[PDB]
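# Fold the following and give me the result.
(chains A, B, C and D, ligands or ions: 12)
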Amino acid sequence: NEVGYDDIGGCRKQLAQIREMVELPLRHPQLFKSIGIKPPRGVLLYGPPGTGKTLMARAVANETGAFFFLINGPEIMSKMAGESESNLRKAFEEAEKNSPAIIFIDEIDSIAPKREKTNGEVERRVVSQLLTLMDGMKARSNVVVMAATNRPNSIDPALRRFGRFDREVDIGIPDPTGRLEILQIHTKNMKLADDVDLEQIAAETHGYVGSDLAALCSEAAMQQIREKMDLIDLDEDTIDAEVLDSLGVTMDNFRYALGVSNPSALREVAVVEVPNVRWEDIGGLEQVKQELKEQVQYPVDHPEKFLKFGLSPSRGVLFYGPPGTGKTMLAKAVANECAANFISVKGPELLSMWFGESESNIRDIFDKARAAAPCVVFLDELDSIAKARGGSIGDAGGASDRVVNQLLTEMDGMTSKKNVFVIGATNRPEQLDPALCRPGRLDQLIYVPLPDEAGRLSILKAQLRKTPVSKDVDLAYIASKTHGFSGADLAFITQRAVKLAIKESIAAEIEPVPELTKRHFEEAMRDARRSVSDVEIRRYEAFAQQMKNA
Amino acid sequence: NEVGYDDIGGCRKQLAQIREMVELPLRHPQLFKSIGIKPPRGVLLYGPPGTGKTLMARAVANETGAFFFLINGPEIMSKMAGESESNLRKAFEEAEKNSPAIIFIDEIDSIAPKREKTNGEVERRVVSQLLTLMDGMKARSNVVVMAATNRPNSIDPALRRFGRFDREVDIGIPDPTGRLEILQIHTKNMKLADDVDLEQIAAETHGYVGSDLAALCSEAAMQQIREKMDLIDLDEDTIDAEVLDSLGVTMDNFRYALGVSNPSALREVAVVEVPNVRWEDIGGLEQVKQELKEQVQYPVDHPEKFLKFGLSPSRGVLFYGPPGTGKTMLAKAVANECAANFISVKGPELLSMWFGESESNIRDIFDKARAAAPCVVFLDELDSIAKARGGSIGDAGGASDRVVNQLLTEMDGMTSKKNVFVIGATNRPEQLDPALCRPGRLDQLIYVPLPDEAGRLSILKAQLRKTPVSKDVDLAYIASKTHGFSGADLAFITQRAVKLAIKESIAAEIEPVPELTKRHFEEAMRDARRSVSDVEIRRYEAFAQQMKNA
Amino acid sequence: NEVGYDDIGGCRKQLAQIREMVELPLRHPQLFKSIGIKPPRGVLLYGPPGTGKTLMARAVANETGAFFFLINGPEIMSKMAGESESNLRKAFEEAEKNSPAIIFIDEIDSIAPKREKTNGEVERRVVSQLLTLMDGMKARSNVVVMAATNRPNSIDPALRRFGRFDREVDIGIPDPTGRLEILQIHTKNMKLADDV
Amino acid sequence: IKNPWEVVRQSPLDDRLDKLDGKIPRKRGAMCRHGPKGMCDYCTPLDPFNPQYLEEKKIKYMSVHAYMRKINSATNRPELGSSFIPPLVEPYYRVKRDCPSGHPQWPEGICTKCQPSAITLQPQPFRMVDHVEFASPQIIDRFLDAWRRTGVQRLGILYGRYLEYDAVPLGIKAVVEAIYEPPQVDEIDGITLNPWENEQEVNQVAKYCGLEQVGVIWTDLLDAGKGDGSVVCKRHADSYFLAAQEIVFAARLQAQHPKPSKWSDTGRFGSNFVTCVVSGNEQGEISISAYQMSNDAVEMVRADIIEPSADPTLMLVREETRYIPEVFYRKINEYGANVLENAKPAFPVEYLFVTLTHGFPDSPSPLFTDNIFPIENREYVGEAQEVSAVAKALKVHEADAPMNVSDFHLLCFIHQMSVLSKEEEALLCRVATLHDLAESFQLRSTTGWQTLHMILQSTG
Ligand SMILES: Nc1ncnc2c1ncn2[C@@H]1O[C@H](COP(=O)(O)OP(=O)(O)OP(O)(O)=S)[C@@H](O)[C@H]1O
Ligand SMILES: Nc1ncnc2c1ncn2[C@@H]1O[C@H](COP(=O)(O)OP(=O)(O)OP(O)(O)=S)[C@@H](O)[C@H]1O
Ligand SMILES: Nc1ncnc2c1ncn2[C@@H]1O[C@H](COP(=O)(O)OP(=O)(O)OP(O)(O)=S)[C@@H](O)[C@H]1O
Ligand SMILES: Nc1ncnc2c1ncn2[C@@H]1O[C@H](COP(=O)(O)OP(=O)(O)OP(O)(O)=S)[C@@H](O)[C@H]1O
Ligand SMILES: Nc1ncnc2c1ncn2[C@@H]1O[C@H](COP(=O)(O)OP(=O)(O)OP(O)(O)=S)[C@@H](O)[C@H]1O
Ligand SMILES: [Mg+2]
Ligand SMILES: [Mg+2]
Ligand SMILES: [Mg+2]
Ligand SMILES: [Mg+2]
Ligand SMILES: [Mg+2]
Ligand SMILES: [Zn+2]
Ligand SMILES: [Zn+2]
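Residues are numbered from 1 along each chain as shown, chains lettered A, B, ... in the order given. Ligands and ions are numbered 1, 2, ... in the order given. Please find the structure below.
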């Protein structure tokens, strides 16, 4: 119940920050005294809910030799009027007494909402009590104030101003590497069986917080007990120890627990996440591959030539082309190359968060990408922004609405020195306003054509990298016959053909064929159907000839 | 911790005001007694947050021989009911006791919101306590009330009326000259290395407040310590002094500290800022250069001929033409010539601040320009105001909406005696209503054509002033071949050619060429593409022939 | 008036969950002690109104040998200011005294609406009293908190976060098989004719 | 270094009182929906601070421990040691000294960070002592002999100890054993003191006896002139209860006697020192009204704020170094509303005291059983302190006769004689309070008590 550094894992970069911010001024205040700067007393934690934010507090606090105080959000708000503000004054006097001091406040937004958006003056006093007492502190006190929340936007920003809270520290969703470590934290207390592959689990878990993983560990434990319920009689007052020794959680319990009612985590926000697709997994289009190698990889790798040449680059890249051409995966593979952070934003994600009005988060998309620089910001489905008013034809309203007017501010509100990059992608590029296509905003426009038969060969090579295909498969004879078919169409054929294979596989299981026959294919090849009209392409090829007329 | 005049820097004109307003009545009340006027007791400070507004208070207060009293905003609001209003009565009695007195109130909006927009009557009492006690003062008291805020609009305006607060004093964002001084304030306590060029830093910092700069100084100090963390063991209770003596912050630490998250500034407001571009940096179009020398430079330089001639000038200038013709830079270079202040306002900046409903700021644009007269107000992207309703075609709604109806009031609400000037610029001038083009509002209409090859020569001379170009570069042979290409197109070619040069530069680095070859050019010259259709120009040339038919 | 397992019928799968969640940690806390996991103290019931949600509480509670404490939603909200939050503190101290303990709270949304969508700070205190006192519990207390509602969306979600309430248990509308059983429960006390 | 509540030491009574919850256990109440080992909303154990419980038991205020266990959680408890918050706050209505805002001291400098708060004189929701057990009527009947012979008033000092008073929950009782009186110039409506001279001496007797200065008593006994002991009904509803000069003067002595506490920010809270006024009832019999100043009323004397008026019910607010902000008092009007009236310039004195009960044991067994000494500072009635009484008091010329020292007035006179040394007088005040036979036989065989024999076998 007392937390060390080993009890938390995965968010190493974040803990590297806090040790510089909290561990460093306390065990060595002389360093800031020798260099002659002020120690930051404004450490702020934030992130998604249930992400160890309370856990990382004591992970730092118990690893000091400093007196660590504590203050819960709802505990003060539970108190009566006046007495609640007394405890804050009782808090800081003890911390300024025991001068090496840590003040952590969990759920800071409950005692500090926006003063504009609040009703009770008792809430307004305790905010005003907090704003007063933060400034009443001293640098000679050597007392560090920590605060955590899950809603960094609901806070009164006067705290987030200078002198009170300056150190915005986000706790992001961990990678499969770091969440593997988190599983090892919870399972090292657990009693498992030898079949348990956490690395298989951590690969199969993608958007979970540690609370989801701890519930995941707690879930597969229960199913292990459910298997033993036949051997366990509940009318007994104590079960025997032999079933306790056999109580070892299987890998299949996690396979049960993987599809449990715990999987559904909190991934309905604006997330930053490193991608997984690469250049080999996208067949063909090597010209615009190199164009991204020109336009976005050269700044993130070498800003030195720019200051050599005195020229800031174009930060605005627009993808366009026919639909179903893998334009979503393109920005993921290039962020996976130069290891930049990645933020996927779709069209209705703007709108559905604006039926709930999350537009500071839209600014925070740029801010977190500024916080996670180098980062690329990917705007999927830009036609949906036009389809917020139906289209450019639409309900007579064009692409421009409150979304565009927000984005044009935030795209122009980006420093050109920043390597934070914005990637736009649509399939209906005529149906977007040129105000967003304005130079400085989005001036690079990249057409994504259909592949040729060599590209369609390279896709079918790349798509079937994980499939047990047959040996007689002439993909080139497929690539000969597939001409007008998109890369989405080719994957759609394989989804048909695998379904045709399962119409042989479990059909045989009802009457292992791990091979995808020509008979599986020539049925789907006869059933093959083109999704893109060539007269639609003749539009896009005229745009590929010339869209700069606009 | 005790602040003199030297501890603040940069905002000299503002401190020149306050010494006339605060230092002057206190050390010499006889002057207002001899001249027989009332000393102003209504000094109000305001500006962006974190701009030394609390700092400049004690910078004046400690430099008097006067008594000082301090009031914090949230400190009164922290207090209980009735007792909070007692302290205000306890404040002024002490100040009217010690009659040379300074009353500074930090964060005045927290104790004084709008009485229309508030909920608690306790807030309404303490406003009513304040309005009462301001009027209870006397001129024989010789007591000066100072107040500061970051939100000058959230205040109840009854304070800002006469007798209570008359002296609106804004603290603007400093120039690179003044923020250079601010860096010297923070770094003179710091221990630096000899490579540190603050002037290089102050040039590279453009929209920072002093809080951003103090965080900038604090950030590069930490990276200097991060470099020493290998030599510093945290389990030690005291590090040795040899690493303390070597602890000198490098210039590259600031180069690190310029690309970090501190550098997110507060620039998302209606700002006033002197420009940097000049007439030499805009090639060609010397006719409309002289037209601005006629229309806007003659009033700001010589109002004497107008009163000689009895005629007020036309204050309304509209720029128009094809897109991408440098119309944004035109108003900047003329404000940089006659040294007038400059306010850049884009189209969606009106709209995005009106999704949050900042329209008093739209009035305050004219008020701050009236406060910063001589000033020019520049309205970029007037098509976006039409594109708020899609266009003039649009969603059947024309250019006219709540934005225009606000602006037509505020443009007509300007005194013709004022040298405050309004500059409009669009690229879709047909798509704007003539109600805004009405005489008295915007009657000067300036077409911005494409340059000729001599203009395209002058641009490529002006654009390549900071680029290490090759010596074989025949810009005239470029200017011969570039005919329909805009000035944006020419810069776009150089962005391609530099990218082509970096496709030679760091290509050679992985295989210094600081020269922009003809081979770099003739690739981009073959890749050159016109952005403006001539049939679009034939529209604008018919408008350039005649738009006065409207 | 005292409810056994036989008095409820039809929702067998749901009762299979709760016996794993409530009956199991109490009569055998050693199992979670032997396997080394934390017992879930966040049992939450929800469903349509009038679906035996109050009925299934005592159907579990009377079938333990554990202590039971009862909290009604409007009963706390009926109380005066400060005194209402006192009873919650008086609740958990008795449960942490009598450590095999069951705390059922009927109509949890009446004492816990959304803090965003509420007016009285007295409501905001008693939510804040609840959020505090849920976290003040211990695993060594071996005390299970049950809560039921008919509006699972009106609740402040901070309860439904981890550590406080994790076990979302829905009570669905029964099939014609299970509602046949429910008819047999009510009619076995009744006096019927043979045509029924 | 440590906290005061980490270095201060409680009384043994405060050690005795901490280990109890004071909870009042109900059995199965009305709306039990449970078996007999279940609970409902109406069969929980009760609170020491429970107002409905205090209302049905007619108890005015909760005890300070019942106040202590109300305002604080159980986890916040000094057996944590370091991580403890003292819930009690001794009031600080003086002036924020050493102000951390650049301005001078309070004097010459002021800002918001150094000013104290305006006082809300509510009734104090608790009290220190609940019952005042006078251990014998003969303690009083000795004490009121000055008034029956003269008719002028009388002041004293309550001595004794604090024990559990089990009638009210967590009740502390001021068990009263002894009274000593300093030199004083006595008048009728008021009393002015001479300075007390043997201040360490009589305190040493209490240190010997295991007593201490537990409070103050005085009298308001004005005989109504019918010869029975009836009073002018002057301390009641319509007149007043406490004279305001008595309030300030007791708070002077109460500031001279605070109580150390492991639950307060200074390591001390409140005061063991209590207050009693002997008077007469409506029935015409000698009654007693016991009180104590509130922790604001101590502080406003410590911070020099309030002042008596000509009206004893009105308390003046002092006009203007110091800092006098608002004072209020919450009212109950005729429809229950709470109106904080402006207390400047005057306000009722009701909001300054706490009421206490008072009485006797069922049968008197105090630490003192003897009454043989003429009381000090009464040479104006010829009642003096001379050595010649000990020949009859301790019966030393009658050398067979046993030990009559069970008399604190005489024990201070023996301490005024100062013959027995610090161990032998603590062997005297051992036998003067416990009366052990083998230790009287030890003391009648000690040298110094036989010295106290052989000196006083040769006096007259
Ligand atoms: N990264 C993690 N590593 C280990 N355990 C974790 C991690 N994230 C969450 N947990 C577990 O989940 C619990 C949730 O508590 P916290 O995440 O600290 O609460 P929180 O992060 O402040 O989010 P709230 O409380 O909903 S605002 C932790 O106490 C851990 O037991
Ligand atoms: N050239 C390609 N190489 C690899 N996969 C492709 C290719 N073209 C399409 N796909 C697949 O088909 C789908 C198209 O991806 P998306 O980018 O979402 O489609 P899009 O081109 O962006 O147009 P829409 O309107 O979003 S479907 C993905 O599942 C891709 O894996
Ligand atoms: N022009 C400046 N020169 C020197 N230091 C400055 C300047 N502007 C800001 N600072 C520093 O930034 C700190 C921030 O405090 P302030 O800027 O005074 O706060 P503020 O400007 O009054 O705005 P608030 O506090 O958010 S209402 C100051 O204490 C200085 O250290
Ligand atoms: N006459 C000119 N002299 C120098 N540079 C020019 C000239 N005309 C255009 N440019 C360049 O054109 C580019 C874009 O200028 P802009 O101001 O954006 O054009 P604009 O006329 O304002 O139309 P928009 O709507 O802003 S694209 C910049 O790189 C300028 O340097
Ligand atoms: N499935 C059921 N089996 C047997 N009796 C039932 C069933 N559903 C409802 N009842 C009866 O109807 C009552 C419904 O009362 P409650 O459970 O209090 O209502 P609820 O389900 O808690 O939802 P509320 O009270 O409206 S929020 C039960 O107490 C039973 O008497
Ligand atoms: Mg938490
Ligand atoms: Mg797509
Ligand atoms: Mg300030
Ligand atoms: Mg422009
Ligand atoms: Mg119910
Ligand atoms: Zn009961
Ligand atoms: Zn002060």
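# can you list the residues of chain D near ligand 12?
Residues of chain D lying near ligand 12 by CB under 5 Å from the ion: D:99, D:101, D:111, D:113, D:114. C-beta coordinates here come from the backbone N, C-alpha and C atoms, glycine included.
# contacting residues for the third one?
If I follow you right, that is residue D:111. By CB atoms under 8 Å, 6 or more residues apart in numbering or on different chains, the contact list for residue D:111 reads B:69, B:70, B:71, D:99, D:101, D:102, D:103.
# just curious, which of the residues of chain D next to ligand 12 is nearest to residue B:27?
residue D:111 (22.2 Å; CB to CB).
# In chain D, what residue comes closest to ligand 5?
Nearest to ligand 5, among the residues of chain D, is residue D:33, at 12.4 Å (CB to the nearest ligand atom).
# for that residue, what are its contacts?
Counting by CB under 8 Å, 6+ apart, residue D:33 makes contact with C:70, D:40.
# Now it. Its backbone dihedrals?
phi -110, psi 30 (degrees, to the nearest 10).
# Counting residues, which helix of chain A comes out longest?
For chain A, the helix reaching the highest residue count under DSSP state H is reported as helix A:487-510.
# buried stuff in that helix?
Neighbour counts over helix A:487-510 (16 or more other CB atoms under 10 Å in any protein chain shown) mark A:487-494, A:496-497, A:500-501, A:505 as buried.
# closest to residue B:250 among those?
Distance to residue B:250, by CB to CB, is smallest for residue A:487 among the buried residues of helix A:487-510, at 50.0 Å.
# Pull the contacting residues for the closest one.
So residue A:487 contacts A:283, A:284, A:324, A:325, A:326, A:450, A:451, A:455, A:456, A:459 (CB under 8 Å, 6+ apart).
# In chain A, which residue sits closest to chain D?
residue A:90 (5.7 Å; CB to the nearest CB).
# these two touch, right, that residue and residue D:85?
Yes - Residue A:90 lies in contact with residue D:85 (CB atoms under 8 Å); the separation is 5.7 Å.
# Just want to know which of those two has more residues nearby.
More neighbours surround residue D:85 than the other of residue A:90 and residue D:85, with 19 against 14 (other CB atoms under 10 Å in any protein chain shown).
# Let's verify the residue nearest to the more buried one when sequence neighbours are not counted: helix, strand, or coil?
Excluding the flanking residues, the one nearest residue D:85 by CB to CB, 6 or more residues apart in numbering or on different chains is residue D:76, at 5.2 Å. Using DSSP: H, G, I helix; E, B strand; the rest coil, the structure places residue D:76 in coil.
# same question, residue D:341
Classification of residue D:341 by three-state DSSP places it in coil.
# Relative to ligand 2, how far out is it?
73 Å (CB to the nearest ligand atom, to the nearest Å).
# and what of residue D:448?
Separation of residue D:448 from ligand 2 (CB to the nearest ligand atom) stands at 107 Å.
# burial measure for residue D:45, as a count.
Quick note: residue D:45 (other CB under 10 Å) scores 16 neighbours.
# For it, give me phi and psi.
According to degrees, to the nearest 10, residue D:45 has phi -60, psi 160.
# Spit out the contact partners of residue A:164.
With CB under 8 Å, 6+ apart, residue A:164 has these contacts: A:42, A:131, A:134, A:135, A:158.
# The residues you listed into CSV, with extra columns for distance to residue B:197 and neighbour count?
CSV is the format used below for those (distance: CB to CB, whole Å; neighbours: other CB atoms under 10 Å in any protein chain shown):
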residue, distance to residue B:197, neighbour count
A:42, 29, 21
A:131, 38, 25
A:134, 35, 21
A:135, 34, 16
A:158, 35, 22
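# coming back round to it: what about the longest helix of chain A, distance to the chain center?
Offset of helix A:487-510 from its chain centre (CA atoms, centre = their mean, to the nearest Å): 32 Å.
# Which SSE is immediately downstream of that helix?
Per DSSP states H and E, the first helix or strand lying C-terminal to helix A:487-510 is helix A:518-526.
# between that next one and helix A:487-510, how many degrees?
For helix A:518-526 against helix A:487-510, the angle by axes from the mean of the first three to the mean of the last three CA atoms, to 10 degrees is 140 degrees.
# helices and strands around helix A:518-526, which ones?
In terms of contacts (3 or more CB pairs under 8 Å, 6 or more residues apart in numbering or on different chains; DSSP states H and E), helix A:518-526 is packed against helix A:475-481, helix A:487-510.
# For ligand 12, find the nearest of these.
helix A:487-510 (71.0 Å; CB to the ion).
# right, is that closest one up against ligand 2?
Yes - counting by CB under 6 Å from any ligand atom, ligand 2 is contacted by helix A:487-510 at A:487, A:488, A:491.
# I'd assumed residue A:326 was in contact with the second one.
To tie it back to what came earlier, the one meant is residue A:488. Yes - contact criterion CB under 8 Å: residue A:488 and residue A:326 qualify, at 7.4 Å.
# For the residue in the stretch 151-300 of chain D that ligand 3 sits nearest to, give me the backbone phi and psi.
Residue nearest to ligand 3 within the stretch 151-300 of chain D: residue D:265 (30.9 Å; CB to the nearest ligand atom). Taking degrees, to the nearest 10, you get phi -70, psi -30 for the backbone angles of residue D:265.
# Could you measure from it over to residue B:335?
61 Å (CB to CB, to the nearest Å).
# go on, residue D:1?
Going from residue D:1 to residue B:335 by CB to CB gives 65 Å.
# So those two - more neighbours on which side?
Taking other CB under 10 Å, residue D:1 and residue B:335 do not tie; residue B:335 has more neighbours (26 against 4).
# mind checking the SS state of the more buried one?
helix.
# Not counting its neighbours along the chain, what's nearest it?
residue B:342 (4.0 Å).
# What's the local residue count around the one you found?
Going by other CB under 10 Å, the residues that sit close to residue B:342 add up to 22.
# what helix or strand is the residue in the stretch 1-150 of chain A that ligand 4 sits nearest to on?
Nearest residue of the stretch 1-150 of chain A to ligand 4 (CB to the nearest ligand atom) works out as residue A:116 at 35.1 Å. Using DSSP H and E, residue A:116 sits in no helix or strand.
# Next up, the contacts around residue A:221.
Counting by CB under 8 Å, 6+ apart, residue A:221 touches A:190, A:249, A:253, C:35, C:37.
# Tell me the backbone dihedrals of the closest residue in space to the third one that isn't next to it in sequence, please.
Nearest residue to residue A:253 in three dimensions, chain neighbours excluded: residue A:220, at 3.7 Å (CB to CB, 6+ apart). Backbone dihedrals for residue A:220, given as degrees, to the nearest 10, come out at phi -70, psi -20.
# Does residue A:220 touch residue A:259 like I think?
No - applying CB under 8 Å, one finds residue A:220 not in contact with residue A:259, separated by 11.2 Å.
# max-length strand in chain D?
For chain D, the strand with the greatest residue count under DSSP state E is strand D:155-165.
# Show me what that one is packed up against.
Short answer (3+ CB pairs under 8 Å, 6+ apart): strand D:155-165 packs on helix D:12-18, strand D:171-178, strand D:213-219.
# Which residue does the stretch 201-350 of chain D have closest to ligand 12?
Closest point on the stretch 201-350 of chain D to ligand 12, by CB to the ion, is residue D:323, at 10.9 Å.
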